[PDB]
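Structure, as structure tokens:
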Amino acid sequence: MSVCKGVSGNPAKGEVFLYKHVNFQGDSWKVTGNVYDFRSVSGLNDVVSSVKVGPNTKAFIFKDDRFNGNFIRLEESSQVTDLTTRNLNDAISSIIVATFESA
């Protein structure tokens with residue numbers, strides 16, 4: 001499949017809104033599923049710095065290609081305006097959207 005450019009008011013339920021450049025300074029992408037390695041996504045590769053996770057949701061980003069690197073979970077909404085500490089802003093790696101549910 002592929003990601004869908006053009007976000008809405010606010011992402012929720014396993015929904016995450018990416019934003020080229022940090023501090024939402026650039027186009028915005030809407031992903032309500034899974035998106036690893038965004039090099040050939042048609043307008044997205046490299047452009048990945050500020051992101052916003054919806055509430056009642058759990059976004060897990062995996063530093064480096066989703067195949068290797070590291071993984072982290074983010075319950076409830078969240079605002080990652082900058083990802084330089086994660087791995088140089090822009091070109092994050094992979095982002096997954098999963099709601100909270102019994103183990």
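List of remarks:
- Restricting attention to the stretch 36-47 and to residues that are of a type in the set (A, V, I, L, M, F, W, C) and closer than 19 Å to residue 1 by Cα, the residue that is surrounded by the most Cβ atoms within 10 Å (Cβ to Cβ) turns out to be 38.
- Lone qualifier among 73, 86 - being more than 12 Å from the chain's Cα centre (by Cα), under 30 Å from residue 103 (Cα atoms) and outside any loop (DSSP other than H, G, I, E, B): 86
- Within the stretch 89-103, tally of residues that are out of contact with any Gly (no Cβ under 9 Å at 6 or more places or on another chain) and either hydrophobic (A, V, I, L, M, F, W, C) or in a strand (DSSP E or B) (or both): 5
- Selection count where residues are part of a strand (DSSP E or B) and among the aromatic types (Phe, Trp, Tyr), scope the stretch 7-41: 4
- Top-ranked residue in the stretch 75-93 [being without any contact (Cβ under 8 Å) to a residue 60 or more places away in the chain, closer than 20 Å to residue 44 by Cβ and of a type outside the set (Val, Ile, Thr); ranked as surrounded by the most Cβ atoms within 10 Å (Cβ to Cβ)]: 93
- Among residues of the stretch 51-62, those that are surrounded by 17 or more Cβ atoms within 10 Å (Cβ to Cβ) and either free of Cβ contacts under 8 Å to residues at least 24 places away in the same chain or more than 10 Å from the chain's Cα centre (by Cα) (or both), counted: 3
- Where residue 96 falls short, out of the listed (1) closer than 23 Å to residue 9 by Cβ; (2) surrounded by fewer than 15 Cβ atoms within 10 Å (Cβ to Cβ): (2)
Cβ sites come from the backbone with ideal geometry, for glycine too, and all protein chains shown count toward neighbours. Taken together, the values in this text are just the output of simple stated rules run on the coordinates, not laboratory data.
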